[PDB]
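Peer 1:
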Amino acid sequence: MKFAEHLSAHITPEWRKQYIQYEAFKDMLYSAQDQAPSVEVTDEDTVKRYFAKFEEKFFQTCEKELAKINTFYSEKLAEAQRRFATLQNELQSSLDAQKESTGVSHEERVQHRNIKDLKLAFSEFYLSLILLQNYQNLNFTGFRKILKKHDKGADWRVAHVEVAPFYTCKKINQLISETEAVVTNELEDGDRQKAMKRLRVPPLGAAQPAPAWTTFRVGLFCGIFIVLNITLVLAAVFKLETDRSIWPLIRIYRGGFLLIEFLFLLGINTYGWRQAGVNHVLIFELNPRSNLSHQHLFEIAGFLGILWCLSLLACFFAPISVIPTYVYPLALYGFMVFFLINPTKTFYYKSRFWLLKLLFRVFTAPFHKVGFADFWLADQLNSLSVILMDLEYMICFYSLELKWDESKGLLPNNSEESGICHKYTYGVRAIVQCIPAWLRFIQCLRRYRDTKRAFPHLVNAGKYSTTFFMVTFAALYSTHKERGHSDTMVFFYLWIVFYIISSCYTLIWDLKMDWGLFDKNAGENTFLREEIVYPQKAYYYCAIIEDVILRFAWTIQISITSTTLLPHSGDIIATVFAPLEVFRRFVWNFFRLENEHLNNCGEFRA
Amino acid sequence: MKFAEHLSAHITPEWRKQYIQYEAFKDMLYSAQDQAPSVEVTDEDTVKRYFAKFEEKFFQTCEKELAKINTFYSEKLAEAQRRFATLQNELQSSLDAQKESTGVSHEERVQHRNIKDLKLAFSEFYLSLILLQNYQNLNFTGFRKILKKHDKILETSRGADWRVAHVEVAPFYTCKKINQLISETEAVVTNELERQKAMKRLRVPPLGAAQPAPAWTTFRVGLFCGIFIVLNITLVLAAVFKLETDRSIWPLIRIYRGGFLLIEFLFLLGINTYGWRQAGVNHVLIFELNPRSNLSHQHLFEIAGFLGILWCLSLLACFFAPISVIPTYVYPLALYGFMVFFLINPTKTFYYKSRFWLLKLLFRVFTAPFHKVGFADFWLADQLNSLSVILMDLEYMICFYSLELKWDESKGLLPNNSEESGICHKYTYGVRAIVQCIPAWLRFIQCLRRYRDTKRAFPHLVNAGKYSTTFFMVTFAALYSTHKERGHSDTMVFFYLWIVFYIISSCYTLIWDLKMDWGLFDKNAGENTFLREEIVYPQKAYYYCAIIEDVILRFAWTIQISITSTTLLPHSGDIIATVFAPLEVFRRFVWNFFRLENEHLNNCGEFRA
Ligand SMILES: CCCCCCCCCCCCCCCCCC(=O)OC[C@H](COP(=O)(O)OCCN)OC(=O)CCCCCCCCCCCCCCCCC
Ligand SMILES: CCCCCCCCCCCCCCCCCC(=O)OC[C@H](COP(=O)(O)OCCN)OC(=O)CCCCCCCCCCCCCCCCC
Ligand SMILES: CCCCCCCCCCCCCCCCCC(=O)OC[C@H](COP(=O)(O)OCCN)OC(=O)CCCCCCCCCCCCCCCCC
Ligand SMILES: CCCCCCCCCCCCCCCCCC(=O)OC[C@H](COP(=O)(O)OCCN)OC(=O)CCCCCCCCCCCCCCCCC
Ligand SMILES: CCCCCCCCCCCCCCCCCC(=O)OC[C@H](COP(=O)(O)OCCN)OC(=O)CCCCCCCCCCCCCCCCC
Ligand SMILES: CCCCCCCCCCCCCCCCCC(=O)OC[C@H](COP(=O)(O)OCCN)OC(=O)CCCCCCCCCCCCCCCCC
Ligand SMILES: O=P(O)(O)O[C@H]1[C@H](OP(=O)(O)O)[C@@H](OP(=O)(O)O)[C@@H](OP(=O)(O)O)[C@H](OP(=O)(O)O)[C@H]1OP(=O)(O)O
Ligand SMILES: O=P(O)(O)O[C@H]1[C@H](OP(=O)(O)O)[C@@H](OP(=O)(O)O)[C@@H](OP(=O)(O)O)[C@H](OP(=O)(O)O)[C@H]1OP(=O)(O)O
Ligand SMILES: CC(C)CCC[C@@H](C)[C@H]1CC[C@H]2[C@@H]3CC=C4C[C@@H](O)CC[C@]4(C)[C@H]3CC[C@]12C
Ligand SMILES: CC(C)CCC[C@@H](C)[C@H]1CC[C@H]2[C@@H]3CC=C4C[C@@H](O)CC[C@]4(C)[C@H]3CC[C@]12C
Ligand SMILES: CC(C)CCC[C@@H](C)[C@H]1CC[C@H]2[C@@H]3CC=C4C[C@@H](O)CC[C@]4(C)[C@H]3CC[C@]12C
Ligand SMILES: CC(C)CCC[C@@H](C)[C@H]1CC[C@H]2[C@@H]3CC=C4C[C@@H](O)CC[C@]4(C)[C@H]3CC[C@]12C
Ligand SMILES: CC(C)CCC[C@@H](C)[C@H]1CC[C@H]2[C@@H]3CC=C4C[C@@H](O)CC[C@]4(C)[C@H]3CC[C@]12C
Ligand SMILES: CC(C)CCC[C@@H](C)[C@H]1CC[C@H]2[C@@H]3CC=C4C[C@@H](O)CC[C@]4(C)[C@H]3CC[C@]12C
Ligand SMILES: CC(C)CCC[C@@H](C)[C@H]1CC[C@H]2[C@@H]3CC=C4C[C@@H](O)CC[C@]4(C)[C@H]3CC[C@]12C
Ligand SMILES: CC(C)CCC[C@@H](C)[C@H]1CC[C@H]2[C@@H]3CC=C4C[C@@H](O)CC[C@]4(C)[C@H]3CC[C@]12C
Ligand SMILES: CCCCCCCCCCCCCCCC(=O)O
Ligand SMILES: CCCCCCCCCCCCCCCC(=O)O
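In order, the protein sequence lines correspond to chains A and D.
All the letters of the first sequence, read from the start, carry residue numbers 1 to 104, 118 to 165, 172 to 625 under PDB author numbering.
All the letters of the second sequence, read from the start, carry residue numbers 1 to 104, 118 to 207, 211 to 625 under PDB author numbering.
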């Protein structure tokens with residue numbers, strides 16, 4: 001799209017006559033491409049003459065429009081400071097009239126109407142300032158784009180555009196800060212939240228509502244998913260066979276359910292960030308022009324939910340009666356992976372390719388610098404470890420447990436489980452669960468070796484490394500219970516000895532390094548930090564309590580399982596707790612990204 | 001909303017200091033509203049003095065706003081004519097540059126770039142002209158609203174004589190020259206710049225009305241559509257598998273066909289209003305709807321999907337028979353009862369304005385002779401002509417729940433046997449006949465009233481014949497059926513008449529559709545073969561396909577009378593009728609698209625005159 005159509009789409013005609021006429025230069029460039037001769041048509045010396053002309057005429061035209069853009073941004077910055085002076089005098093007059101209502118009622122009612130009217134006045138003035146940054150940054154991007162199209172110029176953009184007064188003058192940016200500092204101290208008399216609520220203008224080309232077609236698709240997918248889920252519940256209640264164990268099916272489909280729930284919660288998270296003002300575009304280093312809003316994620320979440328409901332429903336009662344049952348769980352995940360890769364330039368190709376790059380960089384953790392996106396994804400994998408181990412179990416079941424001859428082999432004939440796949444034997448289960456905590460450990464050590472700062476890159480390393488010992492002790496306990504040694508219970512102690520640590524280690528951390536709460540300076544925000552982006556502190560306290568509970572939720576599992584001795588209690592509690600784990604990650608994302616935006620806690624961009 | 005907040009929604013802030021600052025006057029009214037003394041507080045003569053001072057002070061304030069807005073529109077209209085002259089100079093200079101490529118390539122490419130750029134120039138010129146029309150009519154309604162609010166508060170009528178004697182003669186309203194300025198813009202663009213494309217770019221959809229519906233309503237439309245689709249599929253599967261194959265499902269089909277027709281009609285009406293809005297046919301003026309707030313296509317898709325969901329659920333509950341203690345014959349009654357309740361809900365929720373407007377329209381239509389027929393009344397009374405099967409199904413359901421259903425049996429909705437012998441589904445007593453002729457009676461009486469009101473024997477009496485043919489059509493059909501029941505010879509002699517009138521009614525109401533409703537086959541055709549001079553919709557293939565579709569569908573019974581008399585299937589007639597009813601609603605949906613266009617263009621109904 002070459003930053004040509006969407007650029008004109010988000011261009012206001014009011015200043016369009018003096019923006020970088022990118023479309024006009026496109027027309028000139030293609031039209032003069034149409035008259036490119038060959039070696040025989042014009043001699044090589046004349047070819048060099050033609051190319052030298054082309055390049056120098058393009059560069060002098062660029063110089064002319066460069067001078068035009070500098071002239072406009074100089075006059076408009078003089079206008080911006082003149083408007084600063086005028087609006088400052090008007091706000092001083094409003095403050096004097098406030099003193100006429102404070103230090104010395119129809120008059121007071123008129124004065125607060127005037128206060129709100131000037132509030133709207135600096136709102137549209139902030140909009141004009143946003144238009145001026147549009148001028149600046151879109152001019153920069155158009156310069157780069159047209160010049161690199163000509164090149165396909173570099174020392175020209177650097178030696179003209181990067182030093183031109185139309186981008187070297189970052190004061191307009193801090194002028195926006197003035198518009199901030201003028202408001203909060205004078206308009207709101209010290210209220211930051213209402214300021215950022217009113218004056219902060221969402222981008223017209225990015226934060227605009229998504230097309231009604233995408234919202235309709237989201238609604239259609241959500242409705243189909245709801246009805247399919249209801250039909251699935253009824254099918255389980257009635258049409259499901261009660262004489263066969265349904266555990267392999269649950270274990271196979273628990274990963275897909277956890278992934279779809281995660282995508283839906285991530286859509287909610289990105290909506291929350293966008294509304295609260297946390298510019299995750301900069302934090303994630305995403306493309307400012309085109310990015311996935313919350314609806315574009317709800318769409319994929321609903322589509323995959325429909326896909327999972329249909330697959331599970333076909334697994335419940337066979338519709339074809341000639342196709343074996345296991346084909347549905349195989350095909351669902353197979354074409355989910357296909358949709359993930361999808362080499363063709365369709366179905367969110369930009370975001371899918373970006374995610375594929377991120378996954379490749381994360382998985383090969385030690386040999387790559389850790390950005391915020393990489394750390395964030397390798398942390399998200401920590402709470403989605405159930406998906407990885409469930410995929411491992413599905414592979415094991417399809418390899419060494421499933422009977423390919425029997426059509427209804429997915430649901431075992433017997434109601435008892437004795438296969439190797441769901442056991443901790445050989446340590447395979449232990450290893451596939453420690454993968455997410457291995458990537459984070461390696462990434463933390465890489466950050467330490469890249470910044471030579473022992474803190475917090477080494478405390479993070481210990482926090483991530485506790486799970487190694489915890490899982491190892493759990494595996495030893497399971498094996499020694501299988502064999503029945505005297506040391507068995509001893510290993511159990513070590514599990515509980517380390518588990519209560521590996522939760523506390525990830526509980527004093529989530530509340531202090533990630534969420535930044537319990538700050539030394541609190542003031543009005545009890546137990547919180549100085550600045551709270553989100554509206555109500557009740558959300559903050561609910562998040563604290565929820566994380567405190569969910570980091571120890573394993574206590575309930577280890578309490579019921581070791582006491583009640585139900586026919587099948589461990590699997591039930593694990594399957595119940597996995598969605599709670601994903602919910603905990605969803606809650607954590609809000610406050611982690613907010614703190615990263617505010618205090619730059621990760622020291623990523625510095 | 002008192003035309004205050006939604007008004008503030010559609011107000012460009014750049015002229016906000018120039019319109020009537022309605023909120024300000026709302027504040028001044030509320031001031032002295034809290035400053036109104038009593039008889040004991042101030043004596044009666046002083047009460048009159050205070051009230052008269054209030055009248056005079058709002059009156060000179062209204063005079064000040066009158067003068068300010070008059071001066072602003074005078075300045076803006078002088079600016080508009082200077083802009084018109086200057087843009088005419090620019091556009092004729094573009095004509096000269098065009099002649100450079102025509103009478104006197119990079120130059121031609123640049124010329125068409127300036128052509129598209131100037132097209133944009135008059136795009137925002139049209140936007141500014143529309144803003145001036147806003148300055149006119151929205152401010153007009155602003156004075157209307159503020160003065161009438163003051164009148165109600167102060168129990169006076171001097172505000173009415175003020176608006177009539179100041180605003181109605183004010184230069185800012187009497188000067189309709191800005192509307193003819195838009196007219197000149199359109200004429201110049203059509204003649205010089207470019211009809212279909214000219215009315216496509218210049219015509220700016222209203223910012224407060226045609227703006228896309230909130231995403232929280234498009235989402236609801238999607239949710240309802242998806243639930244409906246899945247429920248529809250589950251219902252088909254339940255019919256294929258879980259439906260009992262020993263009983264006759266005919267009473268259920270007949271009871272539940274009416275709701276399906278109504279929901280399909282509402283969905284097709286949503287499609288129709290989207291088509292009118294996109295094609296540029298303003299249905300707001302023609303239908304006499306409120307320009308500010310009206311139902312867009314999504315607001316109708318929402319109700320259609322919701323009612324489809326409810327119908328599908330009711331049919332499913334009648335199918336699976338859950339709870340196991342509530343009988344099967346409660347679900348259709350509950351569904352139709354709640355539909356009626358939702359139509360007549362008195363609370364100010366769920367499209368209260370639209371529902372009250374529809375209630376008024378239905379009351380005016382059904383008491384046909386006593387009310388002057390507008391376009392809305394004629395249109396609604398015409399819509400029932402293709403929805404008569406719903407009225408027939410409601411009559412059948414009434415008869416079934418009264419005289420044939422067994423209240424003792426739980427599974428009484430589906431009869432024990434597989435044969436039908438009840439009176440309800442027959443033509444006996446003419447109850448199935450008079451119910452069929454109700455929409456025709458309403459239309460016939462409405463058009464006779466139209467004649468008695470305009471004294472123009474045409475086309476108010478030819479249309480009366482069109483709506484009266486079906487009287488003889490139903491009379492002969494019912495009499496033939498009754499005489500065939502007994503077996504008298506004359507029944508055969510009567511049958512001819514039915515078929516005879518079948519080719520005298522469907523023909524008669526065909527030449528009407530293609531000539532006086534749609535207005536095609538006009539004497540002046542030109543390039544538009546078989547069509548009228550000006551066509552709004554893009555492709556003429558749509559028009560020809562519509563002609564073929566209407567020709568086929570107005571003659572539907574030809575197939576039915578061809579099949580039920582040949583195969584002699586035990587239940588061919590009911591199957592064919594149930595198949596044809598949705599086709600009948602589709603034929604009405606197609607007819608609307610072109611009837612409204614012709615009414616907009618040629619004022620064929622002669623309604624607004
Ligand atoms: C046993 C049966 C159980 C069945 C459960 C199956 C799952 C049910 C799923 C429920 C619906 C999920 C999606 C609902 C929200 C859809 C959002 C959407 O697409 O609309 C956009 C919405 C409004 O648009 P606006 O904010 O004006 O524009 C923003 C510009 N980008 O803008 C927004 O995005 C903001 C508002 C929506 C986001 C906040 C609320 C999200 C949903 C909260 C949970 C709802 C219930 C979830 C499932 C039940 C479990 C609790
Ligand atoms: C495989 C291991 C199993 C464990 C789980 C691992 C995968 C979890 C799901 C993916 C991670 C969550 C989504 C990550 C993106 C979040 C970032 C965000 O808020 O913005 C969305 C992002 C923006 O991208 P954008 O700015 O449009 O790109 C412009 C490029 N110039 O755009 C995005 O949305 C980026 C992500 C791609 C698009 C949405 C996700 C598609 C996933 C398809 C299904 C995956 C199935 C995996 C197989 C499971 C089998 C068990
Ligand atoms: C991705 C994988 C590939 C796709 C897989 C196929 C699609 C999903 C699975 C559809 C399954 C449909 C049902 C198949 C029935 C097979 C036979 C059977 O066991 O019947 C179920 C039961 C039997 O009742 P019985 O009285 O024994 O019938 C006697 C027959 N004369 O009968 C009953 O209980 C009644 C039947 C109820 C069926 C409800 C099914 C609802 C969902 C269907 C699909 C909806 C999709 C909608 C969304 C699509 C996207 C727009
Ligand atoms: C045996 C199983 C059988 C299965 C059958 C089940 C029933 C099928 C039900 C299908 C329902 C589809 C209707 C839902 C469409 C709603 C679309 C919508 O609301 O989108 C908004 C759309 C674009 O909006 P925009 O122009 O951006 O802005 C408008 C300014 N306010 O604005 C619009 O509304 C305009 C564009 C959409 C409307 C025109 C096309 C809609 C209908 C297409 C056909 C649908 C299928 C019909 C059923 C099949 C039989 C033929
Ligand atoms: C009883 C006899 C049965 C035979 C059928 C008779 C009823 C058929 C359905 C109603 C007729 C179709 C609706 C006609 C609308 C035509 C105008 C149009 O396109 O605009 C929609 C109109 C605009 O209204 P608006 O401008 O918002 O309000 C004006 C004041 N501000 O707003 C509208 O949409 C107006 C209509 C009201 C809202 C939608 C319809 C709700 C009705 C609920 C279901 C009706 C159930 C009837 C009983 C059936 C039992 C068998
Ligand atoms: C407004 C009206 C009043 C309210 C209406 C109530 C809701 C609509 C009716 C729901 C009916 C649910 C099914 C009830 C079944 C009762 C038992 C029965 O006859 O079952 C039939 C079939 C075979 O059962 P069988 O195998 O014999 O059972 C053995 C017992 N262990 O067993 C089966 O049913 C097979 C499983 C398929 C069930 C498909 C049901 C799909 C629809 C459910 C509702 C969806 C609503 C979603 C939208 C809500 C809005 C968001
Ligand atoms: O839409 P995209 O896939 O992101 O590609 C477009 C555009 O592709 P097209 O040539 O097909 O229009 C190209 O614009 P130019 O720089 O060549 O003028 C270029 O991508 P390619 O050259 O590889 O095709 C560019 O860069 P990128 O793909 O890295 O984003 C990008 O345009 P935008 O950066 O403005 O989106
Ligand atoms: O929302 P609506 O039902 O259309 O009513 C509003 C508004 O009602 P509210 O007082 O509740 O805001 C009133 O505006 P005022 O004339 O009092 O300023 C008045 O209706 P009521 O007095 O009966 O409540 C008026 O008339 P109507 O309801 O007939 O339309 C109408 O305002 P609009 O005419 O601008 O729509
Ligand atoms: C993550 C996604 C791709 C799900 C993984 C599915 C694929 C990769 C896995 C799951 C089950 C697997 C099969 C399980 C068992 C056997 C039998 C063995 O003798 C040859 C390999 C073969 C045939 C495997 C091939 C790969 C396989 C199809
Ligand atoms: C560098 C340090 C801190 C981390 C190294 C992590 C690796 C080497 C650890 C983490 C989890 C461990 C496994 C946990 C459980 C089992 C099962 C047991 O019956 C044999 C050992 C075995 C298979 C362990 C092997 C080593 C292991 C894979
Ligand atoms: C008390 C414990 C057990 C449960 C409560 C935790 C849950 C329900 C709370 C804690 C954090 C909360 C979120 C915090 C902030 C926001 C942003 C706001 O714009 C919308 C609500 C939203 C998205 C909240 C939704 C509810 C939420 C997820
Ligand atoms: C209206 C929307 C929510 C869909 C309706 C779904 C719920 C309310 C329906 C669908 C399936 C129904 C159940 C189906 C079967 C039985 C068995 C018997 O004991 C009667 C009640 C009972 C237990 C029903 C109660 C209501 C029920 C649970
Ligand atoms: C158009 C909408 C309202 C649907 C019509 C439903 C209502 C009006 C109809 C449907 C069936 C009807 C019932 C059918 C049969 C009888 C038995 C008779 O001895 C008294 C009246 C009574 C009890 C009727 C009352 C009205 C009734 C409940
Ligand atoms: C004014 C004229 C032109 C139109 C009047 C239409 C009315 C009066 C007509 C139209 C349909 C007619 C009915 C059609 C069929 C039957 C059944 C028959 O067994 C007795 C007469 C009866 C019940 C008719 C009575 C009169 C009727 C109701
Ligand atoms: C083939 C014959 C027998 C029957 C088919 C008729 C149907 C499919 C045709 C006839 C009239 C047509 C409509 C006429 C005009 C419009 C308005 C336009 O903006 C979108 C398409 C739309 C909405 C058409 C859709 C298709 C349509 C409904
Ligand atoms: C005007 C143009 C389209 C001609 C229309 C012809 C139609 C209306 C005519 C011509 C032939 C006719 C059919 C000829 C023969 C019979 C057999 C008789 O036992 C019942 C009526 C029936 C089935 C007629 C029904 C009406 C009919 C189909
Ligand atoms: C499964 C049946 C679906 C019926 C309705 C489908 C509605 C969505 C069709 C999408 C077509 C592509 C249009 C994309 C336009 C956009 O995203 O702006
Ligand atoms: C049947 C369950 C539905 C669950 C999801 C419901 C989504 C819509 C809920 C609307 C809440 C109120 C907001 C209405 C806003 C509006 O009027 O546009």
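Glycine included, C-beta positions come from ideal geometry on N, C-alpha and C.
Along the alpha helix (DSSP H) that carries residue 402(A), what are the first and last residues, could you check?
Peer 2: Residue mapping note: residue 402(A) aligns to position 383 of the first sequence, counting from 1. Run containing residue 402(A): 391 to 402, per the alpha helix (DSSP H) assignment.
Peer 1: Just the C-alpha distance for residue 48(A) and residue 622(A), rounded to the nearest angstrom, thanks.
Peer 2: Counting from one through the first sequence, the residue named residue 48(A) turns up at place 48. Counting from one through the first sequence, the residue named residue 622(A) turns up at place 603. Whole-angstrom Cα-Cα distance: 50 Å.
Peer 1: Using a Cβ cut-off of 9 Å, pull out every chain D residue sitting near residue 31(A), in sequence order please.
Peer 2: Along the first sequence, read from residue 1 onward, the residue named residue 31(A) stands at position 31. Ordered by position in chain D, the residues that pass the 9 Å Cβ test against residue 31(A) are 119 and 122.
Peer 1: Are the segment 549 to 567 of chain D and the segment 589 to 600 of chain D touching, with three or more C-beta to C-beta distances below 8 Å?
Peer 2: Two segments are said to touch when three or more pairs of C-beta atoms, one from each, lie closer than 8 Å; by this definition the segment 549 to 567 of chain D does not touch the segment 589 to 600 of chain D.
Peer 1: Find the residues of chain D that neighbour residue 236(A), judging by a C-beta separation of less than 9 Å, and give them in chain order.
Peer 2: As a first step, residue 236(A) is located in the first sequence; it is residue number 217 there, counting from the start. Close to residue 236(A), with beta-carbon spacing below 9 Å, are these residues of chain D in chain order: 238.
Peer 1: May I ask you to report which of helix, strand or coil DSSP gives residue 430(A)?
Peer 2: Taking the first sequence and counting its residues from 1, one reaches residue 430(A) at position 411. Reduced to three states, the DSSP call for residue 430(A) is coil.
Peer 1: Is the Cβ-Cβ distance between residue 315(D) and residue 233(D) less than 9 Å?
Peer 2: Start at 1 with the first residue of the second sequence, and residue 315(D) comes out as number 299. Start at 1 with the first residue of the second sequence, and residue 233(D) comes out as number 217. Their beta carbons are under 9 Å apart, which means residue 315(D) touches residue 233(D) by this criterion.
Peer 1: Determine, using beta carbons only, whether residue 54(D) comes closer than 9 Å to chain A.
Peer 2: Here residue 54(D) refers to the residue found at position 54 of the second sequence. Output row for residue 54(D): interface = no.
Peer 1: Beta carbons nearer than 7 Å to chain A: which residues of the segment 164 to 184 of chain D have them?
Peer 2: none
Peer 1: Between residue 515(A) and residue 577(A), is the Cβ-Cβ spacing less than 9 Å?
Peer 2: Within the first sequence, numbered from 1, the residue matching residue 515(A) stands at position 496. Within the first sequence, numbered from 1, the residue matching residue 577(A) stands at position 558. In this structure, the beta-carbon distance from residue 515(A) to residue 577(A) falls below 9 Å.
Peer 1: For residue 520(D), which residues in the same chain have their Cβ closer than 7 Å to its Cβ, ignoring the five residues on either side in sequence?
Peer 2: The residue labelled residue 520(D) in the question sits at position 504 within the second sequence. Excluding residues within five positions, the ones whose Cβ falls inside 7 Å are 485.
Peer 1: The alpha helix (DSSP H) with residue 85(D) in it runs from where to where?
Peer 2: Position 85 of the second sequence, counting from 1, holds the residue named residue 85(D). Unbroken alpha helix (DSSP H) run through residue 85(D): 44 to 102.
Peer 1: Under DSSP, the alpha helix (DSSP H) around residue 476(D) begins and ends at which residues?
Peer 2: As a working note, residue 476(D) is residue 460 in the second sequence. Per DSSP, residue 476(D) belongs to the alpha helix (DSSP H) from 473 to 476.
Peer 1: Tell me which residues of the segment 258 to 286 of chain A have at least one Cβ-Cβ distance to chain D shorter than 9 Å, keeping chain order.
Peer 2: none
Peer 1: Give me the residue from 189(A), 612(A), 245(A) and 573(A) with the minimum Cα distance to residue 534(A).
Peer 2: Looking up residue 534(A) in the first sequence gives position 515. Comparing C-alpha distances from residue 534(A) to each of 189(A), 612(A), 245(A) and 573(A) shows the shortest one belongs to 612(A).
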